[PDB]
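Contents: one structure, followed by commentary.
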Amino acid sequence: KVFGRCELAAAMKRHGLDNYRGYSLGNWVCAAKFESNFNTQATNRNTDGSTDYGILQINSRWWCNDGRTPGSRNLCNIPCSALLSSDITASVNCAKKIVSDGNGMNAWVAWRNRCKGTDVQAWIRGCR
Ligand SMILES: C[C@@H](O)CN1CCN(CC(=O)O)CCN(CC(=O)O)CCN(CC(=O)O)CC1
Ligand SMILES: C[C@@H](O)CN1CCN(CC(=O)O)CCN(CC(=O)O)CCN(CC(=O)O)CC1
Ligand SMILES: [Gd]
Numbered sequence: 001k002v003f004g005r006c007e008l009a010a011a012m013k014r015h016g017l018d019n020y021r022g023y024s025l026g027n028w029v030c031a032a033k034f035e036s037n038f039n040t041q042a043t044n045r046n047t048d049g050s051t052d053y054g055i056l057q058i059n060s061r062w063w064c065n066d067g068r069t070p071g072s073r074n075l076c077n078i079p080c081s082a083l084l085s086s087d088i089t090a091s092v093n094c095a096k097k098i099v100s101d102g103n104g105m106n107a108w109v110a111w112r113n114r115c116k117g118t119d120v121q122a123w124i125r126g127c128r
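All residue numbers for the sequence shown refer to the authors' numbering, where the first residue is 1 and numbers rise by one.
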């Protein structure tokens, strides 16, 4: 599924991302835009053999099982394919674990480089 900006903002709000560990909703919408282009089906392979999955590009190295990242962890206890779902529940629940791990949203390279220190409110401006 390719989300609209306000559609995704509303879904992320409903699942409790707005102000989660102090990150306003616009941070999450900005991260999703540059990580996946709001596309739940986005996959990107990393040089180490791990893959990033879904709207927030969650890494199979630590967070999910794709059966092809040897000696990887599955800390969200999900098949990586569940992160490609039109329903962002799994992605959101797993993202809550990552952002909680001490590094906050710096885990998302696109957030660090393209969202951090910007007017992130702009990403939810106009949405009901
Ligand atoms: C509502 C319109 O803005 C939709 N838009 C109309 C054309 N726009 C005009 C403009 O953006 O001022 C120029 C192209 N636009 C640049 C950009 O948005 O960054 C990219 C495509 N957009 C992406 C988006 O807007 O979500 C969809 C089409
Ligand atoms: C052409 C316009 O799109 C100009 N735009 C500024 C005004 N936009 C308007 C809008 O997106 O409706 C609001 C904020 N915008 C939300 C979004 O893009 O999803 C994020 C910043 N954008 C990133 C981009 O557009 O790729 C920078 C350029
Ligand atoms: Gd924009």
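Cβ atoms here follow ideal geometry from the backbone N, Cα and C, with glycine treated the same way.
With distances taken Cα to Cα, identify the nearest neighbour of residue i among the options.
| i | options | result |
| --- | --- | --- |
| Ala107 | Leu8, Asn27 and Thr118 | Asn27 |
| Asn37 | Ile98, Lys116, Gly4 and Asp66 | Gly4 |
| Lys96 | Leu56, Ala82 and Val109 | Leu56 |
| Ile124 | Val2, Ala32, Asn44 and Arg21 | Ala32 |
| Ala110 | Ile58, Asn19 and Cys94 | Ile58 |
Apart from the five residues on each side of it in sequence, which residues of its chain come closer than 8 Å, Cβ to Cβ, to residue i?
| i | result |
| --- | --- |
| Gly49 | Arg68, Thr69 and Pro70 |
To which residues of the same chain is residue i closer than 7 Å at the C-beta, ignoring the five residues directly before and after it?
| i | result |
| --- | --- |
| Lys13 | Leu25 |
| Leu84 | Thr40, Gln41, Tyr53 and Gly54 |
| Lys1 | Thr40 and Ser86 |
Under the DSSP definition of a beta bridge, which residues are partnered with residue i?
| i | result |
| --- | --- |
| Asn39 | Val2 |
| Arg45 | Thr51 |
| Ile58 | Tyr53 |
| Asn65 | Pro79 |
Can you tell me whether residue i is buried or exposed? The criterion is at least 16 other CB atoms within 10 Å of its CB, across all chains shown.
| i | result |
| --- | --- |
| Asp87 | exposed |
| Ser91 | buried |
| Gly117 | exposed |
| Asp52 | buried |
| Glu35 | buried |
| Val29 | buried |
| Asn103 | exposed |
| residue 176 | Look at the range of the chain in this structure, 1 to 128, and you will see that residue 176 is not part of it. |
Go through its chain and collect everything with a Cβ distance to residue i's Cβ below 6 Å, but skip five positions before and after it.
| i | result |
| --- | --- |
| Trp62 | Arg73 and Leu75 |
* Please write down, chain order preserved, every residue whose beta carbon lies under 5 Å from a heavy atom of ligand 2. => For ligand 2, the selected residues are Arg5 and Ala122.
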